[PDB]
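See below for final_35.cif, which holds mmCIF, N, CA and C atoms and all ligand atoms.
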data_protein
#
loop_
_atom_site.group_PDB
_atom_site.id
_atom_site.type_symbol
_atom_site.label_atom_id
_atom_site.label_comp_id
_atom_site.auth_asym_id
_atom_site.auth_seq_id
_atom_site.Cartn_x
_atom_site.Cartn_y
_atom_site.Cartn_z
ATOM 1 N N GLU A 99 -190.016 27.804 -82.306
ATOM 2 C CA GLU A 99 -189.507 29.155 -82.502
ATOM 3 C C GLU A 99 -187.984 29.207 -82.560
ATOM 4 N N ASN A 100 -187.288 28.282 -81.900
ATOM 5 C CA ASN A 100 -185.837 28.232 -82.020
ATOM 6 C C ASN A 100 -185.438 28.036 -83.474
ATOM 7 N N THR A 101 -184.375 28.722 -83.892
ATOM 8 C CA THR A 101 -183.815 28.455 -85.208
ATOM 9 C C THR A 101 -182.299 28.573 -85.159
ATOM 10 N N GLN A 102 -181.654 27.799 -86.023
ATOM 11 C CA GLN A 102 -180.206 27.745 -86.136
ATOM 12 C C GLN A 102 -179.817 28.029 -87.577
ATOM 13 N N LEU A 103 -178.766 28.823 -87.761
ATOM 14 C CA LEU A 103 -178.255 29.161 -89.080
ATOM 15 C C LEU A 103 -176.758 28.912 -89.088
ATOM 16 N N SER A 104 -176.297 28.126 -90.056
ATOM 17 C CA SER A 104 -174.885 27.822 -90.201
ATOM 18 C C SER A 104 -174.410 28.256 -91.576
ATOM 19 N N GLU A 105 -173.126 28.594 -91.655
ATOM 20 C CA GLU A 105 -172.509 29.016 -92.899
ATOM 21 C C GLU A 105 -171.096 28.460 -92.961
ATOM 22 N N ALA A 106 -170.588 28.339 -94.183
ATOM 23 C CA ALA A 106 -169.288 27.724 -94.406
ATOM 24 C C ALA A 106 -168.625 28.335 -95.631
ATOM 25 N N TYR A 107 -167.308 28.495 -95.547
ATOM 26 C CA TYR A 107 -166.481 28.924 -96.668
ATOM 27 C C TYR A 107 -165.086 28.339 -96.465
ATOM 28 N N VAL A 108 -164.115 28.827 -97.236
ATOM 29 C CA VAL A 108 -162.796 28.209 -97.280
ATOM 30 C C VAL A 108 -161.758 29.267 -97.621
ATOM 31 N N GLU A 109 -160.512 29.011 -97.221
ATOM 32 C CA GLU A 109 -159.403 29.875 -97.606
ATOM 33 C C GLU A 109 -158.125 29.051 -97.660
ATOM 34 N N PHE A 110 -157.138 29.566 -98.388
ATOM 35 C CA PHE A 110 -155.858 28.878 -98.488
ATOM 36 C C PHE A 110 -155.226 28.727 -97.109
ATOM 37 N N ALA A 111 -154.645 27.554 -96.865
ATOM 38 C CA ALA A 111 -154.050 27.261 -95.574
ATOM 39 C C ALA A 111 -152.810 28.123 -95.348
ATOM 40 N N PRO A 112 -152.457 28.379 -94.084
ATOM 41 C CA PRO A 112 -151.283 29.230 -93.823
ATOM 42 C C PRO A 112 -149.997 28.690 -94.424
ATOM 43 N N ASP A 113 -149.806 27.369 -94.417
ATOM 44 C CA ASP A 113 -148.595 26.794 -94.991
ATOM 45 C C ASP A 113 -148.550 26.945 -96.506
ATOM 46 N N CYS A 114 -149.695 27.192 -97.142
ATOM 47 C CA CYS A 114 -149.764 27.395 -98.584
ATOM 48 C C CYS A 114 -148.638 28.300 -99.060
ATOM 49 N N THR A 115 -148.298 29.305 -98.245
ATOM 50 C CA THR A 115 -147.306 30.301 -98.639
ATOM 51 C C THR A 115 -146.064 29.664 -99.243
ATOM 52 N N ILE A 116 -145.746 28.432 -98.853
ATOM 53 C CA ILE A 116 -144.592 27.735 -99.401
ATOM 54 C C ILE A 116 -144.966 26.458 -100.139
ATOM 55 N N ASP A 117 -146.129 25.871 -99.877
ATOM 56 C CA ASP A 117 -146.548 24.654 -100.557
ATOM 57 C C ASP A 117 -147.369 24.935 -101.806
ATOM 58 N N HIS A 118 -147.516 26.200 -102.183
ATOM 59 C CA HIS A 118 -148.374 26.556 -103.301
ATOM 60 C C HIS A 118 -147.774 26.116 -104.630
ATOM 61 N N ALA A 119 -148.658 25.725 -105.543
ATOM 62 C CA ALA A 119 -148.313 25.469 -106.931
ATOM 63 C C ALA A 119 -149.036 26.489 -107.796
ATOM 64 N N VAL A 120 -148.552 26.657 -109.019
ATOM 65 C CA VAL A 120 -149.045 27.707 -109.902
ATOM 66 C C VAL A 120 -149.261 27.116 -111.286
ATOM 67 N N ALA A 121 -150.327 27.556 -111.956
ATOM 68 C CA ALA A 121 -150.622 27.147 -113.323
ATOM 69 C C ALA A 121 -150.103 28.204 -114.289
ATOM 70 N N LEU A 122 -149.320 27.774 -115.277
ATOM 71 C CA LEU A 122 -148.652 28.668 -116.209
ATOM 72 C C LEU A 122 -149.078 28.376 -117.641
ATOM 73 N N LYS A 123 -149.317 29.450 -118.387
ATOM 74 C CA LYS A 123 -149.563 29.399 -119.821
ATOM 75 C C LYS A 123 -148.289 29.839 -120.532
ATOM 76 N N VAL A 124 -147.710 28.943 -121.329
ATOM 77 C CA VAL A 124 -146.438 29.196 -121.991
ATOM 78 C C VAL A 124 -146.658 29.171 -123.498
ATOM 79 N N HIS A 125 -145.705 29.750 -124.224
ATOM 80 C CA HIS A 125 -145.836 29.927 -125.664
ATOM 81 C C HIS A 125 -144.531 30.503 -126.199
ATOM 82 N N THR A 126 -144.367 30.413 -127.517
ATOM 83 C CA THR A 126 -143.327 31.138 -128.247
ATOM 84 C C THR A 126 -141.949 30.918 -127.618
ATOM 85 N N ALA A 127 -141.502 29.668 -127.697
ATOM 86 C CA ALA A 127 -140.176 29.325 -127.204
ATOM 87 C C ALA A 127 -139.120 30.169 -127.907
ATOM 88 N N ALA A 128 -138.230 30.769 -127.120
ATOM 89 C CA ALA A 128 -137.143 31.584 -127.640
ATOM 90 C C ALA A 128 -135.828 31.090 -127.057
ATOM 91 N N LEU A 129 -134.762 31.218 -127.840
ATOM 92 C CA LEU A 129 -133.470 30.642 -127.500
ATOM 93 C C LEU A 129 -132.439 31.729 -127.231
ATOM 94 N N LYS A 130 -131.555 31.449 -126.275
ATOM 95 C CA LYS A 130 -130.409 32.294 -125.965
ATOM 96 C C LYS A 130 -129.196 31.380 -125.878
ATOM 97 N N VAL A 131 -128.119 31.736 -126.577
ATOM 98 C CA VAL A 131 -126.975 30.852 -126.759
ATOM 99 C C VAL A 131 -125.699 31.600 -126.410
ATOM 100 N N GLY A 132 -124.832 30.940 -125.646
ATOM 101 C CA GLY A 132 -123.524 31.469 -125.304
ATOM 102 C C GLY A 132 -122.444 30.757 -126.101
ATOM 103 N N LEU A 133 -121.566 31.550 -126.707
ATOM 104 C CA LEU A 133 -120.552 31.050 -127.619
ATOM 105 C C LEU A 133 -119.180 31.550 -127.194
ATOM 106 N N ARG A 134 -118.167 30.718 -127.412
ATOM 107 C CA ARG A 134 -116.773 31.129 -127.308
ATOM 108 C C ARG A 134 -116.134 30.964 -128.680
ATOM 109 N N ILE A 135 -115.574 32.055 -129.200
ATOM 110 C CA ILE A 135 -115.051 32.106 -130.559
ATOM 111 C C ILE A 135 -113.601 32.553 -130.482
ATOM 112 N N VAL A 136 -112.700 31.763 -131.059
ATOM 113 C CA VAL A 136 -111.277 32.082 -131.066
ATOM 114 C C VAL A 136 -110.811 32.194 -132.509
ATOM 115 N N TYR A 137 -110.214 33.333 -132.848
ATOM 116 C CA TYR A 137 -109.643 33.561 -134.171
ATOM 117 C C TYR A 137 -108.242 34.128 -134.002
ATOM 118 N N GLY A 138 -107.241 33.389 -134.476
ATOM 119 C CA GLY A 138 -105.868 33.845 -134.378
ATOM 120 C C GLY A 138 -105.481 34.184 -132.956
ATOM 121 N N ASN A 139 -105.619 33.209 -132.056
ATOM 122 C CA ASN A 139 -105.381 33.393 -130.620
ATOM 123 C C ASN A 139 -106.055 34.664 -130.103
ATOM 124 N N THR A 140 -107.210 34.997 -130.686
ATOM 125 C CA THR A 140 -108.052 36.104 -130.232
ATOM 126 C C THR A 140 -109.368 35.492 -129.756
ATOM 127 N N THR A 141 -109.511 35.363 -128.440
ATOM 128 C CA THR A 141 -110.695 34.735 -127.875
ATOM 129 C C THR A 141 -111.770 35.777 -127.586
ATOM 130 N N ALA A 142 -113.024 35.336 -127.634
ATOM 131 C CA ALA A 142 -114.159 36.204 -127.360
ATOM 132 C C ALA A 142 -115.301 35.367 -126.807
ATOM 133 N N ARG A 143 -115.894 35.843 -125.717
ATOM 134 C CA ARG A 143 -117.052 35.214 -125.097
ATOM 135 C C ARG A 143 -118.269 36.081 -125.390
ATOM 136 N N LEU A 144 -119.286 35.488 -126.011
ATOM 137 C CA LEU A 144 -120.440 36.230 -126.492
ATOM 138 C C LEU A 144 -121.705 35.473 -126.116
ATOM 139 N N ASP A 145 -122.830 36.183 -126.094
ATOM 140 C CA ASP A 145 -124.123 35.572 -125.832
ATOM 141 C C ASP A 145 -125.175 36.316 -126.645
ATOM 142 N N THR A 146 -126.033 35.566 -127.337
ATOM 143 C CA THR A 146 -126.959 36.177 -128.284
ATOM 144 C C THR A 146 -128.157 35.265 -128.511
ATOM 145 N N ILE B 213 -182.048 42.287 -65.144
ATOM 146 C CA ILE B 213 -180.672 42.463 -64.701
ATOM 147 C C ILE B 213 -180.653 42.417 -63.179
ATOM 148 N N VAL B 214 -179.921 41.453 -62.621
ATOM 149 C CA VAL B 214 -179.851 41.263 -61.177
ATOM 150 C C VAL B 214 -178.398 41.032 -60.785
ATOM 151 N N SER B 215 -177.901 41.847 -59.858
ATOM 152 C CA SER B 215 -176.526 41.745 -59.383
ATOM 153 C C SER B 215 -176.551 41.397 -57.904
ATOM 154 N N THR B 216 -176.007 40.230 -57.562
ATOM 155 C CA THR B 216 -175.945 39.767 -56.177
ATOM 156 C C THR B 216 -177.334 39.683 -55.548
ATOM 157 N N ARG B 217 -178.353 39.391 -56.354
ATOM 158 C CA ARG B 217 -179.726 39.334 -55.870
ATOM 159 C C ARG B 217 -180.467 38.187 -56.537
ATOM 160 N N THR B 218 -181.169 37.396 -55.729
ATOM 161 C CA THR B 218 -182.107 36.411 -56.250
ATOM 162 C C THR B 218 -183.425 37.101 -56.576
ATOM 163 N N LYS B 219 -183.981 36.798 -57.746
ATOM 164 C CA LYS B 219 -185.171 37.480 -58.230
ATOM 165 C C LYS B 219 -186.167 36.478 -58.795
ATOM 166 N N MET B 220 -187.422 36.917 -58.860
ATOM 167 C CA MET B 220 -188.534 36.093 -59.301
ATOM 168 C C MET B 220 -189.212 36.757 -60.492
ATOM 169 N N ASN B 221 -189.944 35.951 -61.261
ATOM 170 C CA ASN B 221 -190.716 36.446 -62.392
ATOM 171 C C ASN B 221 -192.086 35.783 -62.388
ATOM 172 N N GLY B 222 -192.992 36.334 -63.198
ATOM 173 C CA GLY B 222 -194.378 35.893 -63.153
ATOM 174 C C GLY B 222 -194.548 34.429 -63.512
ATOM 175 N N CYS B 223 -193.910 33.995 -64.595
ATOM 176 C CA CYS B 223 -194.057 32.621 -65.071
ATOM 177 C C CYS B 223 -193.262 31.699 -64.157
ATOM 178 N N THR B 224 -193.972 30.947 -63.313
ATOM 179 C CA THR B 224 -193.314 30.199 -62.246
ATOM 180 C C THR B 224 -192.346 29.159 -62.796
ATOM 181 N N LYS B 225 -192.668 28.556 -63.939
ATOM 182 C CA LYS B 225 -191.794 27.535 -64.502
ATOM 183 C C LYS B 225 -190.404 28.114 -64.738
ATOM 184 N N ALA B 226 -189.401 27.561 -64.056
ATOM 185 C CA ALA B 226 -188.036 28.052 -64.171
ATOM 186 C C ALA B 226 -187.300 27.477 -65.371
ATOM 187 N N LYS B 227 -187.948 26.616 -66.156
ATOM 188 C CA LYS B 227 -187.268 25.970 -67.272
ATOM 189 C C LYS B 227 -187.111 26.934 -68.443
ATOM 190 N N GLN B 228 -188.228 27.451 -68.961
ATOM 191 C CA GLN B 228 -188.164 28.354 -70.106
ATOM 192 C C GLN B 228 -187.336 29.593 -69.798
ATOM 193 N N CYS B 229 -187.266 29.992 -68.532
ATOM 194 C CA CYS B 229 -186.419 31.111 -68.156
ATOM 195 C C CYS B 229 -184.956 30.764 -68.405
ATOM 196 N N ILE B 230 -184.164 31.789 -68.705
ATOM 197 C CA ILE B 230 -182.768 31.626 -69.091
ATOM 198 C C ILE B 230 -181.935 32.675 -68.370
ATOM 199 N N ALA B 231 -180.748 32.275 -67.918
ATOM 200 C CA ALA B 231 -179.841 33.159 -67.201
ATOM 201 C C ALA B 231 -178.440 33.034 -67.780
ATOM 202 N N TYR B 232 -177.664 34.107 -67.646
ATOM 203 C CA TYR B 232 -176.299 34.167 -68.148
ATOM 204 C C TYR B 232 -175.335 34.427 -67.000
ATOM 205 N N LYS B 233 -174.220 33.703 -66.988
ATOM 206 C CA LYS B 233 -173.067 34.123 -66.192
ATOM 207 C C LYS B 233 -172.135 34.981 -67.042
ATOM 208 N N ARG B 234 -172.720 35.959 -67.726
ATOM 209 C CA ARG B 234 -171.995 36.673 -68.764
ATOM 210 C C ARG B 234 -171.002 37.642 -68.138
ATOM 211 N N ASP B 235 -169.825 37.743 -68.746
ATOM 212 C CA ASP B 235 -168.825 38.721 -68.347
ATOM 213 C C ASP B 235 -168.409 39.651 -69.475
ATOM 214 N N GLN B 236 -168.442 39.186 -70.721
ATOM 215 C CA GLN B 236 -168.113 39.987 -71.901
ATOM 216 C C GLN B 236 -166.899 40.875 -71.639
ATOM 217 N N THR B 237 -165.786 40.218 -71.316
ATOM 218 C CA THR B 237 -164.531 40.906 -71.041
ATOM 219 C C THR B 237 -163.350 40.390 -71.845
ATOM 220 N N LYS B 238 -163.423 39.187 -72.409
ATOM 221 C CA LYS B 238 -162.283 38.555 -73.057
ATOM 222 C C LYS B 238 -162.625 38.210 -74.499
ATOM 223 N N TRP B 239 -161.631 38.326 -75.373
ATOM 224 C CA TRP B 239 -161.769 37.925 -76.764
ATOM 225 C C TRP B 239 -161.315 36.480 -76.928
ATOM 226 N N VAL B 240 -161.987 35.759 -77.827
ATOM 227 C CA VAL B 240 -161.736 34.338 -78.029
ATOM 228 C C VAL B 240 -161.631 34.043 -79.518
ATOM 229 N N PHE B 241 -160.975 32.928 -79.827
ATOM 230 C CA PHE B 241 -160.831 32.484 -81.205
ATOM 231 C C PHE B 241 -162.107 31.800 -81.671
ATOM 232 N N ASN B 242 -162.521 32.117 -82.895
ATOM 233 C CA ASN B 242 -163.753 31.556 -83.431
ATOM 234 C C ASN B 242 -163.686 30.036 -83.419
ATOM 235 N N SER B 243 -164.716 29.411 -82.859
ATOM 236 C CA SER B 243 -164.812 27.963 -82.800
ATOM 237 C C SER B 243 -166.250 27.549 -83.065
ATOM 238 N N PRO B 244 -166.458 26.408 -83.726
ATOM 239 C CA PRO B 244 -167.835 25.950 -83.961
ATOM 240 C C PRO B 244 -168.593 25.647 -82.684
ATOM 241 N N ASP B 245 -167.903 25.168 -81.649
ATOM 242 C CA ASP B 245 -168.563 24.763 -80.415
ATOM 243 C C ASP B 245 -169.157 25.934 -79.644
ATOM 244 N N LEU B 246 -168.806 27.168 -79.991
ATOM 245 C CA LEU B 246 -169.256 28.350 -79.268
ATOM 246 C C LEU B 246 -170.260 29.122 -80.113
ATOM 247 N N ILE B 247 -171.392 29.474 -79.503
ATOM 248 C CA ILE B 247 -172.398 30.275 -80.185
ATOM 249 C C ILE B 247 -171.815 31.636 -80.545
ATOM 250 N N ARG B 248 -172.333 32.228 -81.618
ATOM 251 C CA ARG B 248 -171.899 33.557 -82.024
ATOM 252 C C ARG B 248 -172.704 34.617 -81.287
ATOM 253 N N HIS B 249 -172.002 35.546 -80.646
ATOM 254 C CA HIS B 249 -172.662 36.693 -80.043
ATOM 255 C C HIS B 249 -173.282 37.561 -81.132
ATOM 256 N N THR B 250 -174.363 38.255 -80.773
ATOM 257 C CA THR B 250 -175.089 39.050 -81.758
ATOM 258 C C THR B 250 -174.214 40.122 -82.394
ATOM 259 N N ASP B 251 -173.110 40.499 -81.747
ATOM 260 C CA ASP B 251 -172.223 41.502 -82.325
ATOM 261 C C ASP B 251 -171.639 41.024 -83.649
ATOM 262 N N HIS B 252 -171.241 39.756 -83.716
ATOM 263 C CA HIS B 252 -170.617 39.161 -84.898
ATOM 264 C C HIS B 252 -169.637 40.139 -85.544
ATOM 265 N N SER B 253 -168.782 40.709 -84.700
ATOM 266 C CA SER B 253 -167.837 41.738 -85.107
ATOM 267 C C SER B 253 -166.411 41.230 -84.948
ATOM 268 N N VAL B 254 -165.590 41.477 -85.963
ATOM 269 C CA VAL B 254 -164.168 41.156 -85.902
ATOM 270 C C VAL B 254 -163.485 42.251 -85.090
ATOM 271 N N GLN B 255 -162.984 41.891 -83.910
ATOM 272 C CA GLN B 255 -162.422 42.864 -82.984
ATOM 273 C C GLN B 255 -160.902 42.827 -82.909
ATOM 274 N N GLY B 256 -160.279 41.687 -83.198
ATOM 275 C CA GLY B 256 -158.832 41.610 -83.146
ATOM 276 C C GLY B 256 -158.325 40.386 -83.874
ATOM 277 N N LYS B 257 -157.002 40.238 -83.876
ATOM 278 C CA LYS B 257 -156.357 39.113 -84.534
ATOM 279 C C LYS B 257 -155.257 38.562 -83.639
ATOM 280 N N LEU B 258 -154.596 37.525 -84.141
ATOM 281 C CA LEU B 258 -153.380 37.013 -83.527
ATOM 282 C C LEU B 258 -152.597 36.236 -84.574
ATOM 283 N N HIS B 259 -151.287 36.144 -84.353
ATOM 284 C CA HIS B 259 -150.415 35.384 -85.231
ATOM 285 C C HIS B 259 -150.381 33.917 -84.815
ATOM 286 N N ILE B 260 -149.746 33.102 -85.644
ATOM 287 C CA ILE B 260 -149.552 31.683 -85.365
ATOM 288 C C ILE B 260 -148.055 31.457 -85.179
ATOM 289 N N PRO B 261 -147.605 30.953 -84.035
ATOM 290 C CA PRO B 261 -146.167 30.773 -83.822
ATOM 291 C C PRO B 261 -145.624 29.602 -84.631
ATOM 292 N N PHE B 262 -144.298 29.579 -84.754
ATOM 293 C CA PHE B 262 -143.581 28.450 -85.340
ATOM 294 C C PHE B 262 -143.951 28.279 -86.815
ATOM 295 N N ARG B 263 -143.660 29.315 -87.593
ATOM 296 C CA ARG B 263 -143.944 29.288 -89.019
ATOM 297 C C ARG B 263 -143.049 28.266 -89.720
ATOM 298 N N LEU B 264 -143.289 28.097 -91.017
ATOM 299 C CA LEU B 264 -142.473 27.235 -91.857
ATOM 300 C C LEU B 264 -141.386 28.063 -92.526
HETATM 301 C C1 LIG C 1 -101.154 35.413 -131.936
HETATM 302 O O1 LIG C 1 -100.300 34.922 -132.975
HETATM 303 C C2 LIG C 1 -99.543 35.947 -133.635
HETATM 304 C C3 LIG C 1 -98.785 35.275 -134.756
HETATM 305 O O2 LIG C 1 -99.576 34.283 -135.397
HETATM 306 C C4 LIG C 1 -98.631 36.643 -132.631
HETATM 307 O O3 LIG C 1 -97.940 37.703 -133.282
HETATM 308 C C5 LIG C 1 -99.449 37.191 -131.469
HETATM 309 O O4 LIG C 1 -98.585 37.728 -130.474
HETATM 310 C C6 LIG C 1 -100.309 36.091 -130.855
HETATM 311 N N1 LIG C 1 -101.148 36.630 -129.797
HETATM 312 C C7 LIG C 1 -101.265 36.059 -128.594
HETATM 313 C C8 LIG C 1 -102.175 36.751 -127.625
HETATM 314 O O5 LIG C 1 -100.664 35.031 -128.302
HETATM 315 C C1 LIG C 2 -173.608 45.756 -61.762
HETATM 316 O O1 LIG C 2 -173.279 46.712 -62.781
HETATM 317 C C2 LIG C 2 -173.802 48.029 -62.551
HETATM 318 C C3 LIG C 2 -173.392 48.865 -63.740
HETATM 319 O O2 LIG C 2 -171.982 48.842 -63.916
HETATM 320 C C4 LIG C 2 -173.265 48.581 -61.233
HETATM 321 O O3 LIG C 2 -173.858 49.849 -60.976
HETATM 322 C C5 LIG C 2 -173.571 47.621 -60.092
HETATM 323 O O4 LIG C 2 -172.953 48.083 -58.898
HETATM 324 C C6 LIG C 2 -173.053 46.225 -60.420
HETATM 325 N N1 LIG C 2 -173.395 45.292 -59.360
HETATM 326 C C7 LIG C 2 -172.534 44.394 -58.872
HETATM 327 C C8 LIG C 2 -171.168 44.392 -59.489
HETATM 328 O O5 LIG C 2 -172.844 43.618 -57.974
#

Please re-express this file's structure in structure tokens.
Ligand SMILES: *[C@@H]1O[C@H](CO)[C@@H](O)[C@H](O)[C@H]1NC(C)=O
Ligand SMILES: *[C@@H]1O[C@H](CO)[C@@H](O)[C@H](O)[C@H]1NC(C)=O
Amino acid sequence: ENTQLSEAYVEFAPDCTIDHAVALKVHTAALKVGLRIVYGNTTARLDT
Amino acid sequence: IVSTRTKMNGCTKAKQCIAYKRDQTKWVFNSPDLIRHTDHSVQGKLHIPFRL
């Protein structure tokens, strides 16, 4: 008549908060460029 | 239920009989070595010291 029931599951460890890694889906590489342009001792810093 | 009293029951064999020194006054951290009380209720929490 005795019976025993056991159960098991899992969760992220407490230290996970800083040891976690992430999977990323990337696409559509886009470029941003910073330029310095000088014309007739007229300097300009631009980014585009 | 017997308080400060020795008591008897019909079935003379004292083996199958079961007794508790139960107090049900303190909360404890879940551990495999300890049977689960029928309440199986989450009553409180605690933090873990010395975080990262
Ligand atoms: C740039 O050069 C011109 C002459 O070529 C001069 O008149 C002007 O003062 C100069 N500007 C600076 C900021 O040096
Ligand atoms: C056992 O508990 C009951 C209910 O609280 C109480 O009336 C009785 O006096 C207690 N007996 C003890 C502590 O010996």

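Reported to one decimal place, the separation of CA of residue 115 in chain A from CA of residue 259 in chain B is 14.7 Å.
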
What's around residue 132 in chain A at 8 Å? Count only N, CA and C atoms, leave out sequence neighbours fewer than 6 positions away in its own chain, and write the answer as an mmCIF file with N, CA and C atoms, in the frame of the given file.
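Generated output (result_17.cif):
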data_model
loop_
_atom_site.group_PDB
_atom_site.id
_atom_site.type_symbol
_atom_site.label_atom_id
_atom_site.label_comp_id
_atom_site.auth_asym_id
_atom_site.auth_seq_id
_atom_site.Cartn_x
_atom_site.Cartn_y
_atom_site.Cartn_z
ATOM 1 N N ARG A 143 -115.894 35.843 -125.717
ATOM 2 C CA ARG A 143 -117.052 35.214 -125.097
ATOM 3 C C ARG A 143 -118.269 36.081 -125.390
ATOM 4 N N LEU A 144 -119.286 35.488 -126.011
ATOM 5 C CA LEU A 144 -120.440 36.230 -126.492
ATOM 6 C C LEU A 144 -121.705 35.473 -126.116
ATOM 7 N N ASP A 145 -122.830 36.183 -126.094
ATOM 8 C CA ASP A 145 -124.123 35.572 -125.832
ATOM 9 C C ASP A 145 -125.175 36.316 -126.645
ATOM 10 N N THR A 146 -126.033 35.566 -127.337
ATOM 11 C CA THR A 146 -126.959 36.177 -128.284
ATOM 12 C C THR A 146 -128.157 35.265 -128.511
#

Using only C-alpha atoms and all ligand atoms, which residues of chain A come within 8 Å of ligand LIG 1 (chain C), and what is the closest atom pair for each, with the distance in Å to one decimal? Give it as a tab-separated table, sorted by chain and residue number.
residue	atom	partner	partner_atom	distance
A:138	CA	C:LIG1	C1	5.5
A:139	CA	C:LIG1	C1	4.9
A:140	CA	C:LIG1	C8	6.5

- request: I need the residue set behind the PyMOL selection byres (((not hetatm)) within 8 of (chain C and resi 2)) for this file; please write it as a count of residues only.
  value: 5

field: Ground truth for the PyMOL selection byres ((chain A) within 8 of (chain B)), written as a ChimeraX atom specification
entry: /A:112-113,116

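Running DSSP on the backbone and keeping only helix (DSSP H, G or I), the residues of range 104-137 of chain A that qualify are residues 114, 115, 116 and 117 of chain A.
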
Keeping only N, CA and C atoms, write the selected residues as a short mmCIF file (atom, residue, chain, number, x, y, z; two decimals), in the frame of the given file.
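What landed in result.cif:
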data_model
loop_
_atom_site.label_atom_id
_atom_site.label_comp_id
_atom_site.auth_asym_id
_atom_site.auth_seq_id
_atom_site.Cartn_x
_atom_site.Cartn_y
_atom_site.Cartn_z
N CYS A 114 -149.70 27.19 -97.14
CA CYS A 114 -149.76 27.40 -98.58
C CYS A 114 -148.64 28.30 -99.06
N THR A 115 -148.30 29.30 -98.24
CA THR A 115 -147.31 30.30 -98.64
C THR A 115 -146.06 29.66 -99.24
N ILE A 116 -145.75 28.43 -98.85
CA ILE A 116 -144.59 27.74 -99.40
C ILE A 116 -144.97 26.46 -100.14
N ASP A 117 -146.13 25.87 -99.88
CA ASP A 117 -146.55 24.65 -100.56
C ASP A 117 -147.37 24.94 -101.81
#

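CA of residue 106 in chain A is positioned 27.3 Å from CA of residue 262 in chain B.
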
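Interatomic distance, atom N of residue 105 in chain A to atom N of residue 241 in chain B: 17.5 Å.
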